[PDB]
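Now for the letters of each chain:
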Number of protein chains: 2
Amino acid sequence: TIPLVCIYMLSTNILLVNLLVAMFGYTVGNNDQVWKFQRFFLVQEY
Amino acid sequence: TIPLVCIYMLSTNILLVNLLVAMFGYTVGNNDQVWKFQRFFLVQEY
Ligand SMILES: CCCCCCCCCCC
Ligand SMILES: CCCCCCCCCCC
Ligand code: NA
Ligand code: NA
Ligand code: NA
Ligand code: NA
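Residues numbered from 1 in each chain as written, not as in the entry; some residues may be left out. Chains lettered and ligands numbered in written order. Part of a larger assembly, values for the part shown. Heavy atoms only, no water.

## With respect to the relation of the copies chain B and chain A
Line of reasoning, step 1. When chain B is brought onto chain A, the operation consists of a screw motion whose angular component is 90 degrees and whose axial shift is 0.1 Å, with 0.0 Å RMSD remaining. Between the two chains, the operation in question is that of a four-fold axis.
Line of reasoning, step 2. Interface overlap between copies: only 20% of the residues of chain B at the interface are likewise at the interface in chain A, consistent with a contact formed by different surfaces. (Least-squares fit on C-alpha atoms. Contact = heavy atoms within 4.5 Å.)

## Things to note about the site of ligand 1
Line of reasoning, step 1. In the neighbourhood of ligand 1, the contacting residues comprise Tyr8 and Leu16 of chain A together with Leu19 of chain B.
Line of reasoning, step 2. Around ligand 1, the neighbouring residues derive from chains A and B rather than from a single chain.
Line of reasoning, step 3. With the chains in place, 42% of the 380 Å² that ligand 1 exposes on its own is no longer accessible. (Near = heavy atom within 4 Å. Areas by Shrake-Rupley, 256 points an atom, 1.4 Å probe, with all protein chains shown as cover.)

## A short note on the interface of chain B and chain A
Line of reasoning, step 1. Each side of the interface is counted separately: chain B has 5 residues, and chain A has 4 residues.
Line of reasoning, step 2. Buried surface at the junction of chain B and chain A, both sides included, amounts to about 380 Å², of which 82% is carbon and sulfur.
Line of reasoning, step 3. Between chain B and chain A we count 0 residue pairs in polar contact in total.
Line of reasoning, step 4. Of the residues assigned to the side of chain B that touches chain A, the class counts are 5 nonpolar, no polar and no charged. (Buried area = accessible area lost by both parts, 1.4 Å probe. Polar contact = N/O pair within 3.5 Å; in protein donor to acceptor, adjacent residues only side chain to side chain. Nonpolar A, V, L, I, M, F, W, Y, C, P; charged D, E, K, R; others polar.)

## Considerations on helix α3 (residues 31–45) of chain B
Line of reasoning, step 1. Compared with an ideal rise of 1.5 Å per residue, which puts 15 residues at 21 Å, α3 of chain B spans 22 Å between its outermost C-alpha atoms and is within 8% of the ideal.
Line of reasoning, step 2. The element α3 of chain B is largely exposed, with a buried count of 0 among its 15 residues. (Helix = DSSP H or I, 4+ residues; strand = E, 2+ residues; numbered from the N terminus. Expected span 1.5 Å × (residues − 1). Buried < 20%, exposed > 50% of the residue type's maximum accessible area, 1.4 Å probe, protein only.)

If you want it as C-alpha coordinates, here you go:
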(Lines give C-alpha, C1' and ligand atoms only; values in the text may rest on other atoms or scores of the structure.)
(Ligands and ions follow the chains in the order given, each with its own letter.)
Protein backbone atom coordinates (compact mmCIF):
# COMPACT_ATOMS: atom_id res chain seq x y z
CA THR A 1 0.00 0.00 0.00
CA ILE A 2 3.10 2.24 0.08
CA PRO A 3 2.73 2.29 -3.73
CA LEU A 4 -0.93 1.16 -4.04
CA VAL A 5 -2.43 4.47 -2.98
CA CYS A 6 0.25 6.08 -5.14
CA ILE A 7 -1.29 4.06 -7.95
CA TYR A 8 -4.60 5.74 -7.15
CA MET A 9 -2.85 9.07 -6.63
CA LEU A 10 -1.46 8.57 -10.14
CA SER A 11 -4.56 6.97 -11.69
CA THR A 12 -6.54 9.94 -10.56
CA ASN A 13 -4.48 12.97 -11.81
CA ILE A 14 -4.21 11.32 -15.20
CA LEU A 15 -7.90 10.50 -15.63
CA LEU A 16 -9.01 13.52 -13.63
CA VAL A 17 -6.83 15.82 -15.74
CA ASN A 18 -8.08 14.20 -18.95
CA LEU A 19 -11.60 14.80 -17.66
CA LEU A 20 -10.82 18.43 -16.89
CA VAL A 21 -9.12 18.87 -20.27
CA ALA A 22 -12.42 17.69 -21.79
CA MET A 23 -14.39 20.35 -19.91
CA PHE A 24 -12.05 23.19 -20.83
CA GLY A 25 -10.34 22.22 -24.09
CA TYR A 26 -13.00 23.91 -26.19
CA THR A 27 -11.86 27.32 -24.92
CA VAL A 28 -8.31 27.35 -26.30
CA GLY A 29 -8.07 27.21 -30.09
CA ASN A 30 -13.95 35.21 -34.63
CA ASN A 31 -16.22 32.83 -32.72
CA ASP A 32 -19.37 34.20 -34.32
CA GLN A 33 -17.93 33.30 -37.72
CA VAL A 34 -16.64 29.98 -36.35
CA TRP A 35 -20.16 29.22 -35.17
CA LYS A 36 -22.12 30.56 -38.17
CA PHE A 37 -20.12 28.36 -40.53
CA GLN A 38 -21.04 25.27 -38.50
CA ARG A 39 -24.69 26.26 -38.06
CA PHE A 40 -24.78 26.70 -41.82
CA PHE A 41 -22.92 23.42 -42.25
CA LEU A 42 -25.26 21.18 -40.24
CA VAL A 43 -28.55 22.68 -41.47
CA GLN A 44 -27.37 22.36 -45.08
CA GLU A 45 -27.05 18.56 -44.93
CA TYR A 46 -30.59 18.11 -43.61
CA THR B 1 -22.37 16.05 15.80
CA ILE B 2 -22.84 19.77 16.53
CA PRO B 3 -19.23 20.11 15.32
CA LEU B 4 -18.87 16.80 13.41
CA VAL B 5 -20.89 17.89 10.40
CA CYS B 6 -19.07 21.22 10.71
CA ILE B 7 -15.93 19.13 10.29
CA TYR B 8 -17.38 17.86 7.02
CA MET B 9 -18.66 21.33 6.18
CA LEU B 10 -15.06 22.48 6.65
CA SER B 11 -13.36 19.42 5.16
CA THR B 12 -15.38 19.93 2.05
CA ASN B 13 -14.87 23.67 1.19
CA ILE B 14 -11.14 23.21 1.67
CA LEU B 15 -10.76 20.11 -0.50
CA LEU B 16 -13.58 21.14 -2.82
CA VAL B 17 -12.03 24.57 -3.30
CA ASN B 18 -8.59 23.04 -3.88
CA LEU B 19 -10.23 20.80 -6.46
CA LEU B 20 -11.91 23.77 -8.14
CA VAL B 21 -8.66 25.75 -8.03
CA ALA B 22 -7.11 22.84 -9.94
CA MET B 23 -9.77 23.03 -12.66
CA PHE B 24 -9.50 26.79 -13.11
CA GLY B 25 -5.99 27.80 -12.03
CA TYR B 26 -4.61 27.41 -15.54
CA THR B 27 -6.68 30.41 -16.69
CA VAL B 28 -5.13 33.12 -14.53
CA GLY B 29 -1.43 33.75 -15.17
CA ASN B 30 0.35 35.86 -25.73
CA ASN B 31 -1.00 32.32 -25.30
CA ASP B 32 -0.05 31.30 -28.83
CA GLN B 33 3.56 32.18 -28.02
CA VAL B 34 3.24 30.58 -24.58
CA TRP B 35 2.07 27.40 -26.29
CA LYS B 36 4.45 27.39 -29.28
CA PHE B 37 7.45 27.61 -26.97
CA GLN B 38 6.28 24.52 -25.08
CA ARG B 39 5.33 22.59 -28.21
CA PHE B 40 8.81 23.38 -29.46
CA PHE B 41 10.25 22.46 -26.08
CA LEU B 42 8.77 18.96 -25.77
CA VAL B 43 9.31 17.88 -29.39
CA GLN B 44 12.95 19.02 -29.20
CA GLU B 45 13.86 16.57 -26.42
CA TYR B 46 12.47 13.57 -28.31
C1 LIG C 1 -8.62 6.95 -4.75
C2 LIG C 1 -9.43 8.22 -4.50
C3 LIG C 1 -8.52 9.44 -4.58
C4 LIG C 1 -9.33 10.72 -4.32
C5 LIG C 1 -10.44 10.85 -5.35
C6 LIG C 1 -10.98 12.28 -5.36
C7 LIG C 1 -11.25 12.68 -6.81
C8 LIG C 1 -12.48 13.58 -6.90
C9 LIG C 1 -12.87 13.72 -8.37
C10 LIG C 1 -14.10 14.62 -8.49
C11 LIG C 1 -14.34 14.96 -9.96
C1 LIG D 1 -20.31 15.70 3.84
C2 LIG D 1 -20.95 15.97 2.48
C3 LIG D 1 -21.13 17.48 2.29
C4 LIG D 1 -21.78 17.76 0.93
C5 LIG D 1 -20.90 17.22 -0.19
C6 LIG D 1 -21.31 17.84 -1.53
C7 LIG D 1 -20.04 18.14 -2.33
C8 LIG D 1 -20.28 17.91 -3.82
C9 LIG D 1 -18.94 17.95 -4.54
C10 LIG D 1 -19.14 17.73 -6.03
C11 LIG D 1 -17.84 18.02 -6.77
NA1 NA E 1 -9.47 6.03 -10.13
NA1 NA F 1 -11.69 10.26 -12.12
NA1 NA G 1 -14.93 15.08 2.67
NA1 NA H 1 -14.33 16.76 -2.19
